Amino acid sequence: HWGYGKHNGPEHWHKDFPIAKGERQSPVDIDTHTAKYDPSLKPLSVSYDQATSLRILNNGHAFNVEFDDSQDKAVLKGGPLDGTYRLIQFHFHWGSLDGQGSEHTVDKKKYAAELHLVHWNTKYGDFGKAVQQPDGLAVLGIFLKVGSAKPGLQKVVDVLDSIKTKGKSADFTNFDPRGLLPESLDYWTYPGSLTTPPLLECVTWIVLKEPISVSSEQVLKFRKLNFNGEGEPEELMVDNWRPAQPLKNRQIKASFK
Ligand SMILES: [Cu+2]
Ligand SMILES: [Cu+2]
């Protein structure tokens, strides 16, 4: 009923999910000429040393690398956040062409892809309760450009053939998400939403300023995934991004001058 196809893409989502036209929808364009430095912010605290990855799953829309979130193992704190947010999963959005694929844009520039590290606020006890709260989630967004290979992404690339089609999963233990980060943790932040249905307005977005680079071969392997299930007509999993939504009555704040 929803996807990224010719007849069920983002422009249709509002019919089943009216909040698609809401006040706090994501992604947005980040205008670097109007986002204002905020001294009230802190540095991010990203604590992934004890992360326990479990599995990788093709959900028909993207693939999720899932983590054990039953203890404080991989957490995000600081920045704009109060309290402790636990990593549940990460996934990507990417294009069919190197000049599109990201959800956020920067001065209207689209990146080749965007990584979302999804975390939920432990005060709400589980993910499903968290998404019902305005401060339920914190998503760390990281842009990808094509250039040099990202070594810490290669284990993901090499498992993709095992999860080509919707509903496939594979063991994915002992993956270190620190290998997906850029050098700098400078960021922009604003209040927004999930970027897929149900489009809930439960997210504190933290979008890193510095992109990571991935190789053309790495991206090409992402583009071989399938939206479809096994034994169905092949539909390449590409262009699984929602475009920028109106900022409305929001301000984007920068952690950096
Ligand atoms: Cu459907
Ligand atoms: Cu996402």
Side-chain angles (χ1 to χ4, degrees), residues 1-20 22 24-30 56-67 69 74 76 85-96 100-106 110-120 127 130-131 136-144 153 156 160 163 165-167 177 180-181 187-208 211-212 214 219 222-223 225-229 232-233 235 237-245:
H1 50 126
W2 75 266
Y4 299 95
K6 295 175 186 82
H7 303 278
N8 68 357
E11 73 268 26
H12 295 277
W13 296 353
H14 73 98
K15 289 176 277 174
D16 274 324
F17 305 95
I19 200 177
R24 315 194 301 269
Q25 289 291 292
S26 295
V28 299
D29 182 57
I30 300 166
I56 190 175
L57 171 68
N58 180 332
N59 62 27
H61 301 124
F63 61 83
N64 292 164
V65 174
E66 301 163 352
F67 291 75
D69 68 347
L76 185 59
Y85 290 69
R86 285 188 185 152
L87 182 63
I88 179 166
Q89 52 102 327
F90 69 81
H91 62 273
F92 304 79
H93 303 266
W94 65 91
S96 55
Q100 68 195 214
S102 65
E103 294 206 309
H104 296 88
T105 58
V106 179
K110 294 172 169 86
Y111 286 84
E114 187 172 330
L115 166 62
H116 291 160
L117 295 124
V118 181
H119 311 76
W120 59 271
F127 178 84
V131 296
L137 287 185
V139 182
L140 185 58
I142 305 180
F143 295 116
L144 281 60
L153 186 57
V156 174
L160 297 182
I163 60 150
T165 54
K166 180 177 42 189
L180 301 175
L181 304 174
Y187 65 87
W188 298 282
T189 185
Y190 73 97
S193 76
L194 302 178
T195 68
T196 55
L199 304 169
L200 297 167
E201 295 177 337
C202 63
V203 182
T204 302
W205 278 97
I206 299 169
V207 177
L208 297 187
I212 63 165
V214 303
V219 172
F222 276 61
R223 297 179 180 145
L225 285 165
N226 288 185
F227 289 127
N228 55 283
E232 302 173 349
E235 199 45 20
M237 182 180 281
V238 295
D239 295 313
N240 57 353
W241 50 275
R242 187 186 192 193
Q245 301 301 309

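The basis for the numbers below is simple: all heavy atoms, side chains too, and nothing from hydrogens, waters or symmetry mates. In each ligand, atom 1 is the first atom listed, and ligand 1 is the first ligand listed. Counting from 1, the numbers follow the sequence of the chain as shown.
Applying the side chain to side chain donor-acceptor pair (under 3.5 Å) test between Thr195 and each of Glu103, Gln245, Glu114, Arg242 identifies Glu103 as the sole match. Of the residues listed (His61, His12, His14), the one engaging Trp2 in a ring pair (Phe, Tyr, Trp, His ring centres under 6.0 Å) is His61, and it is the only one.
Taking CG of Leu160 as the reference point, atom CG of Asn226 lies at 11.5 Å (rounded to 0.5 Å). Rounded to the nearest 0.5 angstrom, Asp69 CG and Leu87 CG are separated by 8.0 Å.
Using a 30° and 60° split on the angle between ring planes, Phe17 and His1 fall in the tilted class, from 30° to 60°. The aromatic rings of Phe63 and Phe222 lie tilted to each other, with the angle between the two planes from 30° to 60°.
Remark: the backbone N or O of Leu117 is paired with a side-chain donor or acceptor of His119 at under 3.5 angstrom. Between the side chain of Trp94 and the backbone N or O of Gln100, no donor-acceptor pair lies under 3.5 Å. When atom types are taken as modelled, the side chain of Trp241 and the backbone of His104 share no donor-acceptor pair closer than 3.5 angstrom.
Around the Cu ion (ligand 1), protein atoms of type N, O or S found under 2.8 Å number 1. Note on the Cu ion (ligand 2): protein N, O or S atoms under 2.8 Å away count 3, no waters included.
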